[PDB]
Participant: 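One structure, as structure tokens, below. Some questions next.
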Amino acid sequence: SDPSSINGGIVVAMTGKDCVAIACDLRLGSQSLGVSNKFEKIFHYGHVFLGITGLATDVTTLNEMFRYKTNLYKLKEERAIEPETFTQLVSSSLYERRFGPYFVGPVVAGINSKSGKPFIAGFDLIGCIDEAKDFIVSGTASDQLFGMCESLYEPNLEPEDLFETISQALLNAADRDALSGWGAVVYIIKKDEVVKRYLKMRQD
Amino acid sequence: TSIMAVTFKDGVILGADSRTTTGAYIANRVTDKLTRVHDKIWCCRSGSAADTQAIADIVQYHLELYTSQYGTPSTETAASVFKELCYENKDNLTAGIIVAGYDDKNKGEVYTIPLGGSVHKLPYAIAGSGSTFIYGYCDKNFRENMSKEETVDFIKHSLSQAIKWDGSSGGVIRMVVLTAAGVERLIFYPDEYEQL
Amino acid sequence: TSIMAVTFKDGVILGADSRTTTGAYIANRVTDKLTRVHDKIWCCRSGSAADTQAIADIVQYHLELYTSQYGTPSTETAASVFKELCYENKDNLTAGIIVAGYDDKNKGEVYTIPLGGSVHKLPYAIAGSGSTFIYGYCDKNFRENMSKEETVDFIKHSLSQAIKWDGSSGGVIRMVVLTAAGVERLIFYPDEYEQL
Amino acid sequence: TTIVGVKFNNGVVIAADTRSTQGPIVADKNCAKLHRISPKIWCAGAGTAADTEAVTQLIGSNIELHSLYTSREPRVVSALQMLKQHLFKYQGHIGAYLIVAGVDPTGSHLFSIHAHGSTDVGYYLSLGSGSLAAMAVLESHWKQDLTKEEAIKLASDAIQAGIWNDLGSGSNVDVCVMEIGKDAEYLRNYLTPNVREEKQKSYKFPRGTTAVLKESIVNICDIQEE
Amino acid sequence: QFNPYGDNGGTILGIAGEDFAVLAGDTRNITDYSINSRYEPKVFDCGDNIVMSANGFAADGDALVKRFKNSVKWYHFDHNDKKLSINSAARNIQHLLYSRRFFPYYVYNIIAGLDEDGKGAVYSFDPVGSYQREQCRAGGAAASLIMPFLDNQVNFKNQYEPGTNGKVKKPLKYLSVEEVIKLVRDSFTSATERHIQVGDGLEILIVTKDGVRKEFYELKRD
Amino acid sequence: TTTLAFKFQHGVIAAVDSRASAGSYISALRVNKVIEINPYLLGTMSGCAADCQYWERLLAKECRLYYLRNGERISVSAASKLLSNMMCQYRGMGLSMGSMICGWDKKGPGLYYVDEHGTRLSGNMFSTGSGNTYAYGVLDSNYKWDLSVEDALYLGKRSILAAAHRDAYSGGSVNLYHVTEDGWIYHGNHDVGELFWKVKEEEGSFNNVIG
Amino acid sequence: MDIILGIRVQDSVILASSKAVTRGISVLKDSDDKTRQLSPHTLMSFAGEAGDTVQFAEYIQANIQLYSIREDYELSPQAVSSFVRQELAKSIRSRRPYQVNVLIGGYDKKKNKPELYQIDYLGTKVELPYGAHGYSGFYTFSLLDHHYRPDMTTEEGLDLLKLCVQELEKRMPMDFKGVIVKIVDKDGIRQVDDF
Amino acid sequence: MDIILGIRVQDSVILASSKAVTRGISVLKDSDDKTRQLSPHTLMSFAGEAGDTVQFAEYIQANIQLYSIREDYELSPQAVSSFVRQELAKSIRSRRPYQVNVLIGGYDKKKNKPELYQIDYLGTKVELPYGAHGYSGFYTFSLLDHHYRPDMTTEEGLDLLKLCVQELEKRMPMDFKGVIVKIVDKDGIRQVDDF
Amino acid sequence: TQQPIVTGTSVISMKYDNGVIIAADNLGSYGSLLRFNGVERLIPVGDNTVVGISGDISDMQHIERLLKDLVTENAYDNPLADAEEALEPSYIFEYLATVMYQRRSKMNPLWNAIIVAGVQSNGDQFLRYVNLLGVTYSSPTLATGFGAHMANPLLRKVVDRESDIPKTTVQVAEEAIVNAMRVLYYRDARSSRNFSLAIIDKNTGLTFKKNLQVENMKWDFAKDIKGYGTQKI
Ligand SMILES: *[C@@](C)(CO)[C@](*)(O)[C@H](Cc1ccccc1)NC(=O)[C@H](Cc1c[nH]c2ccccc12)NC(=O)[C@@H](C)NC(=O)CN1CCOCC1
Ligand SMILES: *[C@@](C)(CO)[C@](*)(O)[C@H](Cc1ccccc1)NC(=O)[C@H](Cc1c[nH]c2ccccc12)NC(=O)[C@@H](C)NC(=O)CN1CCOCC1
Ligand SMILES: [Mg+2]
Ligand SMILES: [Mg+2]
Ligand SMILES: [Mg+2]
Ligand SMILES: [Mg+2]
């Protein structure tokens, strides 16, 4: 019944030293039934990454919508959108449906191409921005992720160390959530190279 | 309903209207809400008529049996019996009772027992749906150790206003005077009290 | 809330308490419930603060525009604008307003507008949750053509009792005097009115 | 949340805590509740977080356009009127409870405003879940003719009462001082009484601890030449 | 309508070592958004080298502990001062809880001590009496925050040995009391940051063959 | 949960998962959903954990008393019936308990399904819990009476795996039991995480999943 | 309606759909075809609330047929599935949503690949090797997880499908009156008349 | 449970009862016997809420068996049916009523007549030539009204019963997994193993 | 199950170096009506304990009688009733807490919140809370109802933790309590100006103060406040 927990799923993002990381599980379900183990929840518009949890139809719909808006932004501005600007666009777009909202928990991650500064942000289903320095969590195992991130995280981690920390935060949180799991992906993001890794996890 | 009990120099006086309603229909316009539980211990009844009658009948039985064994009961004792019934059966009752009595030792005493079953000893008390409209008037005009005639006028004026504003109150004003001299019943008709 | 407006020889006086509650919490203890819609036309507000503020702001706009075109509006005209808003939007409002004003031709006038949106012109009016406790007192003590000092004492004593018994009422007593001489604001603190 | 507003000699000061909640969970530990409507008009918000931000930005946008149209500096009564009429129209569904304060050519002002559209004037005000803890402090220590330094102290003390005693409030204290004839000074993290102690252990993992299936480079660049 | 239940918050944590056991819990007591007490003990020494904590609705928690302590007393009287083993205590508590199957003790219960072979033992209960022996268990408000951290840092879940790439797991080496207390303190510090009902103080009870020892640590009071 | 049990040539197989839920939160990774009532009787558990434990441990009390009075082991039919009669006393009171009573007695191997309604069914194959539908699919297509003990143990193991994969409220680990006329035999605890990958490679199944 | 299954094999997509239609306590029809051809190489099966199913299907059919005539070109299965998803995602926030779940089986002539898309009434799209709607997956997915390979022939796909229907017929309480099976491949759409 | 039928012919009573038992969305058993022998020449079939059915049936069985031993005599079908009705009429005003509908088929050895009694959970008893509980009668009674004679043989009764089951299998949405048929005559009770 | 009719509001208390202080106003409210103005809600038990009660007044009067009967019963066959075997605050509290929890377990609660304040035989301070649910807790400061929200924050500025108790004098503690009662009068709509205050000291014994009033109130600033926004007159 609760739209935010029908399909299940989680997203987490972290900052490091001159880098960011964003990760998600791959499950899509109909309550107890697992339907897909390839439902990726992370999208990118240029060098800006967006993770979305919640109702899968709205996840899909919002991706198509932000692709639409960022493609027009680029044609008019003659440049790719930055994370700080995109964050405001997400907030604007969500609040315009204040009384009929998308049931989602978006997460923005990226590096400003000009300043080189790492950036992450989280939102509620209505647009309130949570701009954190350390990490952002979203999904059905958000409580679990908060406990993992808050104890495992330390600032100024190097990309290859940050990978291990975010991966373990996701994996162990997902293993205490019935509605999350069935695979996982981690994006490691630097100013001009991005690596994507699929994790091996238990498939129950 | 509009009921009150007031202590004064020589004892205590109970007062009440005479209207009983079933919604907006006046089922009885000459009701006697001043009921005797002992020779010089009376009560004013408000709330469910069935409940308050049943209680007062039981109390009258208890005080009759008390008297047979231990002699004349105090007004405090009567109020305790009322309380014990109202408090222990609070889930199934809707009764707001004022108890008033005269001793020679304690003179005039007034106890009020609202819905919950708590007891409150007071110089004077007001209760019923019509009491709300005269809290200000009664507080401003009440004095301790009034005369009989002053106290009658105080109750008459007070209930006159309660009747004026409350639709659930009306009819005649009945009063019962409790002193060493005995027990006096009074009655005041609309043509008298409406022109006040 | 406890509010009232009283006509007298030289004009009219509005009075109010200063308590605003959110349940049992006093959100504001120094509220100004006496609000100006025109130079010498004021209103007392009761009910939803949001609703009564929105209304009074709209009325003030209507009377400002009336004045620009047709000159100074009557107190009856102001009450009609209040009524029109309260009556036509009765399903979405919870507003009980007393309107009071001074003309040189009509002198002091008082109109009350209860929940439904009906209008009632009166010598004096009381409203708010605390008004219930002083219906008896005010009826007994009000006289027509009182002096300014008598009228101030009448309102002071009346609201004193309303505050005494009503928990939703309290704080200071504010008053606004409307005469030919002008507009006078008065204030009375607890230490003054509590000992009455 | 806990938010307060305090008037003083030559101006007005507002303050707020920095905790944001999703039920019993803390979403943000260093949230910013002090919003700018105009340069010298700031408001603090409690209730639905998105609503306090959105309604503040909207009115702030319209106030800026108004200021440009009239060639005048914006007034607090304008922001107040625009806010209450907007909130009233939505009949409480926009859950924004705000303390609005500022200085303008008329002087210094302090108002509170509820979600249903009712406004309120005062020398000292408090809103939010910790408003009672804060108001207890304000009622104990407030006086007439406060200095700037006394008012900042009173304001932050009132927020601390909320931080310590209210579970819906916590972390740091934000302040904004608006004095007449001066620029408004926004004191972000004026107090920091809730720094986390050092952890007993480091949970940095050995590289290669996590099991991986596939790796791939992600093309973020545009389509290339040649 | 009268609601006989309430929520007093709090969080508890039990960890079993090789020859020891710990039972920790925060000392904060709350209703809604108010703090009742910053120091209200929640973990108790029940005798016979057994420690216990009933987290959730304080009134039901105090009643259960009180009854179990009483059950220990009568076990001595009836069975010639015999020591109540941890496994026997656990089973007894199941029956105490199921007595109210249709008006439950609204609490999550953990006990800790040593088994009859001297090894560390932790037992966990739901409100209606299902119990299990466990190596690790967090209960209460921030249980979902802490348990995943313990799966990772106590049982080395999802952790493998570098160079093998997922082929060989991290071996399950035992933890010392000093290492466990570090994980306990970091668990509660992290829980205090992100959970509003957790804070003020942390009280740990450590059980060994020598007896029951206490340790107290401050937590953030916001 | 997912539980199953089936009769065959060489007794009865019983397999269960190990997950426990508290809504979406996985409260336990490794709970024991089988009770060793006696050396020749087993009981599976599905539903309210407290009810399953209390009533089946009470059943074990009643089965032991039967042995002392009659000097003879209780039948599977009689044991299942005692349990179903307990359920009928608390009929409508809100118990939640689904269980299979597996064992070997004089009539040979025995298997009974019992639930909180007082239902008592004799049969060759049963599966209970949230993930029973997935288990039935594998069982129905591969079951024979002519199964070897080695193949039968694998079938029950593989059937739980199927359910653990698809059902969100099933998983953790697999517990196997084999009941003979010399008594039941525990055949270990098997982690689903490790078992899934092992089965995927060896069997070739779960092609859709990437590993 | 009740059960709709789908499986994508090496060189084709196979859709199986129940034949039953029930009004009240009576089965009105036992030969109902719960499918519509959207284009020569694209087939859509459907299941949901009475009336809405056919309406929606025919509305989609008309739109795709209109596109085909206008451009003289067949849309890819992916393109059609995205159009269908948008129409459902548009529908879920309408005054009265269309309560329809669909499977879209198509053969992409450009890529020479079969494709199966599962879309529910909310507009939740997923590409799958095999899929189902409602309770059908609860019984069948365990068999498909075990037996499915991507290099299966059409004949092997039909045999695995028979096993799925047999399991449904054993463990489902409802009698769905068998299934109509249709195959979608490079040569187009055809019906298996004996099943 | 679901479907229970009964028909009284010339010299016997025939009871047909479904084999299915369902828990949740899964059919647990397809060979369940929804009947109990009360005495050598009296059979009772039953259908209703889970658990209550068997409990009630076994409780009745125990009472009739106790009577048989005490008096060394078999109660008439009429007497047994009246005892059963009273137990149900007693039950309907209890704290928690037994939600069970029954058919009682018996052969009266004194009168040399077959007898069929239909009793619902309220304690509503009726003697009939043919009967059913639940929705079963909605489909079958029209056939029985048309084809039934009182001088029918047991074989003709079985053929008419087959026609009733075929109609149920065509028009009922639920799969009840066929029926177990039992015959009650002068020689006692026997089961038709092929149907 | 019932509903409270005539009610008493906040009871506030705190520990200081040599004892405890407890206070409560003298009002008995009937919903929004301030019906009864002479109600004592602090009830002494012996010369070493004061029980402060909020909530339903009829249930308070019932508890008042249980305590009076407890004293009577303790004196029975007890030569040391006024010495070693006198009633202790901990005895009185545990009795009440047993009663409160039993009543809630029968779904017929005493609709109250109680604070038992006193000094034990060994001079130790006793301060513990119990309510209609049988929930119990102890703290250096305790308060019921509105007092929990407004008084505790002020009293915790004086005694924030256990180590602050020996540093707190009776003059400072009384001052803090009296200030808190003033704040509650400003802000609690079901409160009164008149209140009672009790001090239980280990040296000077029980001091029971009646007919106290809230004084030194700030209202003058109200004259300057006009309208609700734009109004100037
Ligand atoms: C205190 C923490 C108490 O809430 C403050 O008022 C704080 C105010 C604030 C203002 C600006 C930025 C950050 C914080 N409020 C919140 O943090 C607020 C608490 C909250 C949660 N649900 C509420 C419903 C009604 C009123 C307050 C509520 N947080 C939020 O609003 C954030 C976390 N958003 C949500 O929780 C999402 N909600 C959107 C509307 O639909 C319900 C869910
Ligand atoms: C699936 C996992 C269903 O979710 C199983 O049926 C499982 C069965 C089971 C049986 C015996 C022991 C453990 C588990 N059931 C549960 O896990 C059960 C599901 C559940 C939750 N609420 C229910 C209400 C009615 C019926 C079932 C319900 N969960 C529980 O019982 C939860 C509430 N209890 C525990 O997790 C208790 N833990 C205490 C410490 O020991 C481990 C169990
Ligand atoms: Mg699973
Ligand atoms: Mg009248
Ligand atoms: Mg706090
Ligand atoms: Mg019938």
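Quick note on labels: first sequence line is chain A, next is B, and so on, each numbered from 1. Counting starts at 1 for both ligands and their atoms, following the listed order.
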Participant: State whether the side chain of F:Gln53 and the backbone N or O of E:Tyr131 hold a donor-acceptor pair below 3.5 Å, judged by distance alone.
Facilitator: yes
Participant: Donor-acceptor pairs are to be reported for all side-chain atoms of residues 188-196 of chain B against protein atoms at under 3.5 Å, with residues two or more places apart or in another chain.
Facilitator:
| unit_1 | atom_1 | unit_2 | atom_2 | d |
| --- | --- | --- | --- | --- |
| B:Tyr193 | OH | B:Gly171 | O | 2.5 |

Participant: What is the nearest protein non-hydrogen atom to atom 42 (C) of ligand 2, stated with its residue, atom name and distance?
Facilitator: F:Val31 CG1, 3.3 Å
Participant: Is the positively charged end of F:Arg166 above the ring of G:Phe141, judged by distance under 6.0 angstrom from the centroid and angle within 45° of the axis?
Facilitator: yes
Participant: Does an N or O from F:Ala49, backbone or side chain, lie closer than 3.5 Å to an N or O of ligand 2?
Facilitator: yes
Participant: So if I apply the side-chain contact (heavy atoms from CB on, under 4.5 Å) rule between E:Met52 and each of E:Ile110, E:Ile12, E:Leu64, which one comes out positive?
Facilitator: E:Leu64
Participant: What atoms in ligand 2 come closer than 4.0 Å to a heavy atom of F:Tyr169?
Facilitator: 1 (C), 2 (C)
Participant: Does a sphere of radius 6.0 Å around OH in G:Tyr148 hold more than 12 heavy atoms from other residues, nucleotides or ligands, not counting ones at 6.0 Å or beyond?
Facilitator: yes
Participant: Side chains of H:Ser26 and F:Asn132: donor-acceptor distance under 3.5 Å anywhere?
Facilitator: yes
Participant: If only side-chain N and O atoms count, and only distance matters, is there a donor-acceptor pair under 3.5 Å linking F:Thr1 with F:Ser170?
Facilitator: no
Participant: Using a cut-off of 6.0 Å, state whether more than 12 heavy atoms not belonging to F:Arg57 lie near its atom CZ.
Facilitator: yes
Participant: Check ring-ring contact (aromatic ring centres under 6.0 Å, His included) between F:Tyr113 and all other residues, then give those that pass, not counting sequence neighbours.
Facilitator: F:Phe126
Participant: Quiz question: by atom type and distance under 3.5 Å, do the side chains of B:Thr1 and B:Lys33 form a donor-acceptor pair?
Facilitator: yes
Participant: Quick test: of every protein heavy atom, which one is nearest to atom 14 (C) of ligand 2, and how far off is it to 0.1 Å?
Facilitator: F:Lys33 CE, 3.5 Å
Participant: Could you walk me through whether F:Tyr90 and E:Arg101 pass side chain to side chain donor-acceptor pair (under 3.5 Å), step by step?
Facilitator: CA-CA 11 Å; F:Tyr90 298 82; E:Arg101 172 60 180 75; over 6 Å; no
Participant: Just to be sure I'm reading this right: ignoring hydrogens, which of E:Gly129, F:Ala22, F:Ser99, E:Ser130 gets closest to atom 38 (N) of ligand 2? Compare them by their nearest heavy atoms.
Facilitator: E:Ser130
Participant: Less than 3.5 Å between some nitrogen or oxygen of E:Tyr131 and one of ligand 2, yes or no?
Facilitator: no
Participant: Taking B:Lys164 for its side chain and B:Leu159 for its backbone only, find out whether a donor-acceptor pair lies under 3.5 Å.
Facilitator: no
Participant: Within the structure provided, determine whether E:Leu97 and E:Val128 are in side-chain contact (heavy-atom separation under 4.5 Å).
Facilitator: no
Participant: Could you identify the single nearest non-hydrogen protein atom to atom 41 (O) of ligand 2 and state the distance to 0.1 Å?
Facilitator: E:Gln132 CB, 3.4 Å
Participant: Using a cut-off of 2.8 Å, find all protein N, O or S atoms closer to the Mg ion (ligand 3) than that distance.
Facilitator: A:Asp204 O, F:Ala164 O, F:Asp167 O, F:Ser170 O
Participant: Please determine if F:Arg19 and A:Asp204 form a salt bridge, counting it only when a charged side-chain N lies under 4.0 Å from a carboxylate O.
Facilitator: yes
Participant: Can you report which non-hydrogen protein atom sits closest to atom 32 (C) of ligand 2, along with the distance?
Facilitator: F:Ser21 O, 3.4 Å
Participant: May I ask you to check whether G:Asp145 and G:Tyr130 show a side-chain donor-acceptor distance below 3.5 Å?
Facilitator: yes
Participant: Can you tell me which residue and heavy atom of the protein come closest to atom 7 (C) of ligand 2, and the distance to 0.1 Å?
Facilitator: F:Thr1 OG1, 2.3 Å
Participant: Is any side-chain N of the basic residue among E:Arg100 and E:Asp60 closer than 4.0 Å to the acidic one's carboxylate O?
Facilitator: no
Participant: Check which protein N, O or S atoms are less than 2.8 Å from the Mg ion (ligand 4) and report how many there are.
Facilitator: 2
Participant: How far is atom 36 (O) of ligand 2 from the closest protein heavy atom, and which atom is that?
Facilitator: F:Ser27 OG, 3.0 Å
Participant: Students should be able to answer this: which protein heavy-atom is nearest to atom 16 (C) of ligand 2, and at what distance?
Facilitator: F:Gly47 O, 3.8 Å
Participant: Please list, in number order, the atoms of ligand 2 under 4.0 Å from a heavy atom of F:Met45.
Facilitator: 10 (C), 11 (C)
Participant: Give yes or no for whether the N/O distance cutoff of 3.5 Å, strictly under, is met between F:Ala20 and ligand 2.
Facilitator: no
Participant: Count the heavy atoms belonging to other residues, nucleotides or ligands that lie under 6.0 Å from CD of E:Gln135, then report whether that count exceeds 12.
Facilitator: no
Participant: Starting from atom 26 (C) of ligand 2, what is the nearest protein heavy atom, named by residue and atom, and what distance separates them?
Facilitator: F:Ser96 OG, 3.4 Å
Participant: Below 4.0 angstrom from a heavy atom of E:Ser124, which ligand 2 atoms are there? Numbered from 1 as shown, please.
Facilitator: 40 (C)
Participant: Would a search of protein heavy atoms around atom 22 (N) of ligand 2 find one under 4.0 Å away?
Facilitator: no
